[PDB]
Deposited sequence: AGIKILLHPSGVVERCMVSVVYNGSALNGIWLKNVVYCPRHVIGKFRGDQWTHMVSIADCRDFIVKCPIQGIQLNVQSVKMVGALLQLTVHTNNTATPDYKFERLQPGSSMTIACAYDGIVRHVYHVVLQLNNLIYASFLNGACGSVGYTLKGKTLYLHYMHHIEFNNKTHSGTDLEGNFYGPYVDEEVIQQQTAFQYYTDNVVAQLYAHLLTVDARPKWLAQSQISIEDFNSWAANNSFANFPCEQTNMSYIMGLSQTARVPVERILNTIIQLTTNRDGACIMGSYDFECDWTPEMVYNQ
């Protein structure tokens, strides 16, 4: 079958820690001898107050515990890197994997290890949207939770949570400390660019054809050219196709398996915007960007 595949969370569970500072509690990840955590654990500061407040923060006020390894950590140094804190600790984490800090592009997926008090409670799957937000699920204390992928034995850290907006959207930084999109870790009202479907992923969602119904009734009989679709997409909140040229090899492979050219899929998308009438496609009632062409093709 074709499923949403999550990367196993064990390697991340053993590096998670809890970070508590003067009544404020969240999560951090412990790699080598450094704990990375959101900087707002020491207060709800604004603009350019961060550098001074971090320079004033007492290292002994950072209470860091790694619950699975059952040991307490002692912060020797604090250094702000971007919107993250780098608390250098005395002990090296023997569970540290081979890792790399890798920034995600919009339309790519990752597994979220959503933790509380340094303990992973739930894992789930998200895709970075074109507004540079993720549609995740977080409560108080969930900040510091990470989004990641795995390739062999290497852990690819992509994301660390900071903030939730009014419409239950979520924003954070990569592990080098830079936010996705223009959002910041402040309680101010921040503008959001209008939503736009990642067209490659919606196409991968319809390619349902391979697991649910090879010939559904809502699948268009006629084709539309990529170019004619892209003129329509500009006025209907769909990104220009293809969003990534590398997805074309996956999409071409899916088209041969399903025996349905992508031009029919694209024209199905156009018709569905006025014809869907509650149709359920790959188990969802709307267009979803969670299915990437790579995951659907490779599994």
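- Message: Relative to the deposited sequence, which regions have no modelled C-alpha positions in the structure?
- Response: Unobserved in coordinates, per deposited numbering: 1, 209.
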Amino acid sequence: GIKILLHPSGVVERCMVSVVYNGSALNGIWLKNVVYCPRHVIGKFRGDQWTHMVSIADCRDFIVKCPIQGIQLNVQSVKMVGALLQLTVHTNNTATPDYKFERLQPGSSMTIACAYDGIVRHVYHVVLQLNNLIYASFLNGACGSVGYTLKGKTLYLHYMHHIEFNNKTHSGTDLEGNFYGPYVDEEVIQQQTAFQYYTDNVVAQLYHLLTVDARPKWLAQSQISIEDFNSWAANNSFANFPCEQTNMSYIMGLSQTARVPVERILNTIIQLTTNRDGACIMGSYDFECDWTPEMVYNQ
From here on, numbers count along this sequence of modelled residues.
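Here, rigid core means the biggest group of C-alpha atoms that superpose within 1.5 Å across both forms.
- More variable segment, 214 to 222 or 165 to 173 [Cα RMS over structures in 5 other deposited structures of this protein, core-superposed]: After superposing on the rigid core, the more displaced stretch in 5 other deposited structures of this protein is 214 to 222.
- Comparing 242 to 250 with 268 to 276, which has C-alphas lying farther from the shown form in 5 other deposited structures of this protein once the core is aligned? After superposing on the rigid core, the more displaced stretch in 5 other deposited structures of this protein is 268 to 276.
- Message: Please determine whether residue 283 lacks coordinates in at least a third of the other PDB entries of this protein that model its flanking residues.
- Response: Yes, residue 283 lacks coordinates in at least a third of the other compared entries that model both of its neighbours.
- Message: When the Cα temperature factors in the entry are averaged, is it 188 to 196 or 133 to 141 that ends up higher?
- Response: In the deposited entry, the stretch with the higher C-alpha B-factor mean is 188 to 196.
- Message: Mean CA temperature factor from the deposited coordinates, higher in 16 to 24 or in 285 to 293?
- Response: Per the deposited B-factors, the answer is 16 to 24.
- Query: Highest Cα B-factor in the deposition, which of 205, 109, 154, 173?
  - Reply: Comparing C-alpha B-factors across 205, 109, 154, 173, the maximum falls on 154.
- Out of 251, 233, 243, 57, which residue has the highest Cα temperature factor in the PDB record? It is 57.
- Message: By the recorded C-alpha temperature factor, relative to the other modelled residues in its chain, which third is residue 63 in?
- Response: Highest third of the chain for residue 63's C-alpha B-factor.
- Going by the recorded CA B-factors, say which third of the chain residue 269 sits in, lowest, middle or highest. It falls in the bottom third of the chain.
- Modelled-residue ranking by C-alpha temperature factor, third containing residue 90: Highest third.
- Message: Is residue 201 in the lowest, middle or highest third of its chain when residues are ranked by C-alpha B-factor?
- Response: Lowest third.
- residue 258 by Cα B-factor - lowest, middle or highest third of the modelled chain: Middle third of the chain for residue 258's C-alpha B-factor.
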